[PDB]
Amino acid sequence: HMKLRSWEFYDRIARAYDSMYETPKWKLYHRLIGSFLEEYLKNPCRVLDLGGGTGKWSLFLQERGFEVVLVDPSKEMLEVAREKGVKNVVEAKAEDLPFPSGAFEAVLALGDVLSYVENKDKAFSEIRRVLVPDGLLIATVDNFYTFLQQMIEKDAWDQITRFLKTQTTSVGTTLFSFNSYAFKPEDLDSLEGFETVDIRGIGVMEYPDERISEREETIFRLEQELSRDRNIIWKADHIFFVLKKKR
């Protein structure tokens, strides 16, 4: 594997990115994320789409009358976003955001961005900085227990030992990889200057793709309910969470 920085990996695949997440599972997950955004973002306001990639969620909010800026360190992702019609795009990393303090009511960090940033402390610090008091961070991240199950399936025993300590493993494709940090419950606990508002599981159950196609509405309603159950969310494929900047 060639070891890349995250944005260098995304520079290589930007133009195929959207086509990779058009499976029944990913359609389902997008529908869930979309329903959650409409739940937490009641009214139009100022939003930073951080690591916003090809602009999926920026467009979603633009078309609902929000004032949206997309930020991303991948020049190719940004170019794809611009072509798709995202109006405000900026090249930057989460670790060092070029926006003044208190500029946004909400920051999105969807598609596991905070699992990819190289310095989580600076990243959470910058997010808190750019939000108004009581602003929300709305994010999804990789789940430690899902990674661990996957590693056990792909028989990575020399690697599990390290991973249990670091929570960090490689991700990517057959030829190119970058590092991901998979979150545990204690990672979302007493974050400095944030109140945890909600945590939810995305993909609490695994469904065969065939059944998702056959029964999308039924399965979306089930996952809606299951995502709200605290006792089971760390079973999920990915983790969604919301923080509120303390006053």
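Numbering starts at 1 and follows the sequence shown.
> Mean Cα B factor from the PDB record: higher for 141-149, or higher for 169-177?
Here the higher of the two C-alpha B-factor means belongs to 169-177.
> Relative to the other modelled residues in the chain, which third contains the C-alpha temperature factor of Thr23: lowest, middle or highest?
Within its chain, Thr23 is a highest-third residue by C-alpha B-factor, going by the deposited values.
> Going by the entry, which third of its chain does the Cα temperature factor of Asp112 land in?
Ranked within chain, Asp112 CA B lands in the highest tercile.
> Divide the modelled residues of the chain into thirds by Cα B-factor and specify which third, lowest, middle or highest, holds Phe60.
Answer is middle: the recorded C-alpha B-factor places it there.
> For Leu70, return the chain-relative third of its C-alpha B-factor as stated in the PDB record: lowest, middle or highest.
CA B-factor rank for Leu70: lowest third.
> Can you tell me which third, lowest, middle or highest, the CA B-factor of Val47 falls into for its chain?
Within its chain, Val47 is a lowest-third residue by C-alpha B-factor, going by the deposited values.
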